[PDB]
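See below for the structure under consideration.
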Amino acid sequence: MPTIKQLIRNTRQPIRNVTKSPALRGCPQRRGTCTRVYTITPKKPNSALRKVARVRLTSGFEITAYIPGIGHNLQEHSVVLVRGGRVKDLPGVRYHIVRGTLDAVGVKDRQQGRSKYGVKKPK
Amino acid sequence: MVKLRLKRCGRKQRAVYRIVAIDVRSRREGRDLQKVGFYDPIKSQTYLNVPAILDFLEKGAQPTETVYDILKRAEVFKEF
Amino acid sequence: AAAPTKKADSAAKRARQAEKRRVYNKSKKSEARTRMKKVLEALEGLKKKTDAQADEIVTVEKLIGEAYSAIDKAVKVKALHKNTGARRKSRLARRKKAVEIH
Amino acid sequence: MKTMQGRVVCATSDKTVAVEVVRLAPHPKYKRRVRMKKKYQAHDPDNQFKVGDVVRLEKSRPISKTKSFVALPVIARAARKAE
RNA sequence: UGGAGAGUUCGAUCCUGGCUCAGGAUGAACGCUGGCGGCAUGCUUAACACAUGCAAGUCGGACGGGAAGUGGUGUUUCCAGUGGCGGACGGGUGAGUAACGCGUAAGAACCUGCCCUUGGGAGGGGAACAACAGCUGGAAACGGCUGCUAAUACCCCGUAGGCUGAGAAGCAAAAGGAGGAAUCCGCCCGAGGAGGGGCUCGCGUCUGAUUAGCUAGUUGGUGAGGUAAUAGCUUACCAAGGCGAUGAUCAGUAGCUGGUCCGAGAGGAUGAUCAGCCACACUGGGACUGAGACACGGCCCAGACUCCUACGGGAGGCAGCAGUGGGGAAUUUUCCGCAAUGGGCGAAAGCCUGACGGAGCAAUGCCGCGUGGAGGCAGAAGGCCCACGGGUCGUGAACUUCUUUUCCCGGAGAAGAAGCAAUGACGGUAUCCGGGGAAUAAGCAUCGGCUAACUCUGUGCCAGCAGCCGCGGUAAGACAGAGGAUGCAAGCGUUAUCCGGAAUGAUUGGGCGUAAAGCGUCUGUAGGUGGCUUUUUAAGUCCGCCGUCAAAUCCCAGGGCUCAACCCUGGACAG
């Protein structure tokens, strides 16, 4: 342990803290309009065609976001809503998309996870 | 000035009613400098501390309507 | 709907009454400051300038007698009160005996 | 009223003496003694107390905004550095 | 009565070490779903700009009156006006402020409406003035002349303990009004009490020193000036100091605290709701009135906006309640009432009171209940698996008897009202009795390992999954669907955020030969520590006691709403 007399001179205290995903002033979700909807390749162990879109937030920042599930309907003028979660396979992508909200539609014919992916109840 | 009455602590249907020693320029349910005693409406619980009363009334304290009646319901304030 | 007769809640009413309470208190305070400055000019120049033969009243203590009566008449009203009205008398009574010939 | 002892460091001021009070007090979170030193501007209308004298300070009527303490007694003589 | 971890850096092992997950919590949002009740809570993002209504008025037992309404044949009562008191209470916001703002402990140089204890006095006069009336300038706002008039409007005179002063002496106050064969209230001065509000001092009060210098009334001293009061608060002069590494100044950020969340504790992160304190309220500045606010719903000036105009000139500002626009992931009825408690006024009645008491919207959270109970096959259809000899979903269902809270319908009906022609918003209230009938009421996540729970198809590094290690290139329990199972529950899941896990800043709790780590080596100031004996001091320390540590949280024991949440007594604790 650092000696008791050096603990009065220096006094150990943490930092200003860095955030994992800057979604402003402690806000859970953030709204924004999609600028460019493109397709990008993953890292070294994976090889697929993942759909990523650059979302222009309400603050003025343009960060990338991942689209979950099979099939979507996001255009160049679509008003989407982000979540805030890393994928760790695609570099730069720190956000996720909440489907079933605003302009983002839910996944068709999905029977499993209806709370996430934004799917309604089939009768 | 200072006066005697009762405040509110118990909300909704259950109005318990608090103790007293507060100024007129303050709140309905705020700061109280000294404690005394209270009464519960739908119960047989009637306190009202007698050595605290008459000791506070001698130095410019005004006895208002609500502290009265519950004063004469007990053995205090009579021709004795 | 509106009323058949005319009405307007005068906010200038509380201002006019405040100006009426001011004009009385200002005229009595400005009097107590102008009369005091007339006395301070007699204590400054050391006025032993005698001209009256009937009454040998000295001009340095004559205006101080008018100053005493000018301070206590302001203690009646809401302009000047206690402790302050005693302080205005204590400082004027200190310099009349200090700046005087023995 | 409160009484605190200390040594005079500066005397080059008109009717005012700079008294440095040393106070030893243990830390509530830790255990050891942490020394704090604050200088008080005491009143001395008789200009008797010079630099190096250890005097006790009592609370009184404020003669200024920084000055509120007066030096009434004296426990020991000059305990300063040699010239 | 309090302290469980595991996965992953290797061929592997043991260390070191970062990352990740299991937990709780959050005035939360989103996605799916959605039966109620009790209690609490609800722009945390623009202190942004605001339609409308309301949020402070009350007294004629202070007056000149009487424009309404009700009697009588002039009294209740009362529109305006003078005057008294309150608009500096309450409500809201936290922008600003790390600062003598706040918290804790002391101090002296104070003021202080209404209330209260004591003593004395309350005599005798004067000149006006709104309202009103006759004219009159203007679109309006706002007014401009002349005349009349009352009072607890005002101003003298007389008297005077107090005040000034060493003393002698000098000098200043007034209101009267009501019921009654003289009571009640109020008025003026002084000396106290109480309560409130200023002022002084010390400690603790964020981060960055790749901000180390800062400071002229700046620090202090004499004299006048000034404040309720001490004082550089102020002016002139004299001295020239004053602050700083136990870190000033500067920059960024921020209301403080009681407490709240987590944690075994310590500690860490915060301080929404409730309560104390401070500050602000269109922005900047200033003063007046008054005991007190230099004052949200007051005034004046300037500025940016909005609105009116006969453009000459004027009126406003919700960080009060409810609402609008806008921003935002997101946060509600432009409701009812004075009945109850409280505030303002009044000798009362009573009036005013979106303070508040209630209701409404919202599963936002906590708590309780309910959506059926027993019985029922040799395990029926119909699905999933199948070695097809079966098994499973399954008592699950159907089929049978039974009870029916809550929801629904009908009839009663406690208490919160003390006051006291018997006075309630809430209320078709709580709760109770009866009548139909299960009749109206469940889902969500997950199932490779940590993580509690399995296979068969389809797809097939394709599409997609993912907190981490990682899964998918034909039979992958980690993709997609189905059957089944697990967990939880009207909640579930996801995300955000703090704490825990991190003895990974360790004060309680860690380390520096090689894993990150002794500065290359000395001298040395401040600072930290310091042999042995006796006496003394006793400051630290320790014991006991007296204050304060607000209340409410938390904890212990005990009560009341059918339980609980919640509410509540005393104690404990406030280190």
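Chains as they are written, first to last, in the deposited numbering: chain AL, 1 to 123; chain AP, 1 to 80; chain AT, 80 to 181; chain AQ, 60 to 142. Beta carbons: idealized from backbone N, C-alpha and C, even for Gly.
{"Query": "Within this structure, are the beta carbons of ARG114(AT) and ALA90(AT) separated by less than 7 Å?", "Result": "no"}
{"Query": "Output needed for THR46(AP): all residues of its chain with C-beta closer than 6 Å, excluding positions within five of it in sequence on either side, in chain order.", "Result": "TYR39"}
{"Query": "So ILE4(AL) contacts chain AQ; which residues on that side make the cut at Cβ distance below 8 Å?", "Result": "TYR89, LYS90 and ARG91"}
{"Query": "Taking the DSSP output, what are the residues bridged to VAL20(AP)?", "Result": "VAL20(AP) pairs with nothing; no bridge assigned."}
{"Query": "Suppose the cutoff is 6 Å on Cβ atoms and the five residues either side in sequence are ignored; what does the same chain contact list for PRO121(AQ) look like?", "Result": "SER127"}
{"Query": "Using 7 Å as the limit for Cβ to Cβ distance, is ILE40(AL) near chain AQ?", "Result": "no"}
{"Query": "Using CA atoms only, rank isn't needed, just tell me which of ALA133(AT), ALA146(AT) and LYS176(AT) is closest to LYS168(AT).", "Result": "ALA146(AT)"}
{"Query": "Evaluate contact between the region 100-109 of chain AQ and the region 82-90 of chain AQ, counting only Cβ atoms and requiring at least three cross-stretch pairs below 8 Å.", "Result": "no"}
{"Query": "Reducing DSSP to helix, strand and coil, say where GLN96(AT) ends up.", "Result": "helix"}
{"Query": "What residue ranges within the region 46-74 of chain AP form continuous beta strand (DSSP E) runs of no fewer than 3 residues, ordered along the chain?", "Result": "none"}
{"Query": "According to DSSP, simplified to helix, strand and coil, what is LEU122(AT)?", "Result": "helix"}
{"Query": "For a quick check, are the C-beta atoms of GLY106(AL) and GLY100(AL) less than 7 Å apart?", "Result": "yes"}
{"Query": "Run down chain AQ in chain order and give the residues with a C-beta less than 7 Å from the C-beta of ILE70(AL).", "Result": "Neighbours of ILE70(AL) on chain AQ: none; closest Cβ ~58 Å, over 7 Å."}
{"Query": "Considering only the beta carbon of each residue, do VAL82(AL) and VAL119(AL) sit closer than 7 Å?", "Result": "no"}
{"Query": "For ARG136(AQ) and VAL78(AQ), what's the separation of their Cα atoms in angstroms?", "Result": "14 Å"}
{"Query": "Locate the alpha helix (DSSP H) running through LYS175(AT), then write down its first and last residues.", "Result": "174-177"}
{"Query": "Considering only their Cβ atoms, is the gap separating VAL79(AL) from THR33(AL) smaller than 7 Å?", "Result": "yes"}
{"Query": "What is the DSSP secondary structure of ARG167(AT), reduced to helix, strand or coil?", "Result": "helix"}
{"Query": "List the endpoints of the continuous beta strand (DSSP E) containing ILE40(AL).", "Result": "30-40"}
{"Query": "Closest Cβ-Cβ distance between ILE8(AL) and chain AQ: below 7 Å?", "Result": "yes"}
{"Query": "What residue does the beta strand (DSSP E) around residue 145(AQ) start on, and which one ends it?", "Result": "Lying outside 60 to 142, the shown extent of chain AQ, residue 145(AQ) is not represented and no answer is given."}
{"Query": "According to DSSP, is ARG5(AP) part of a helix, a strand, or is it coil?", "Result": "coil"}
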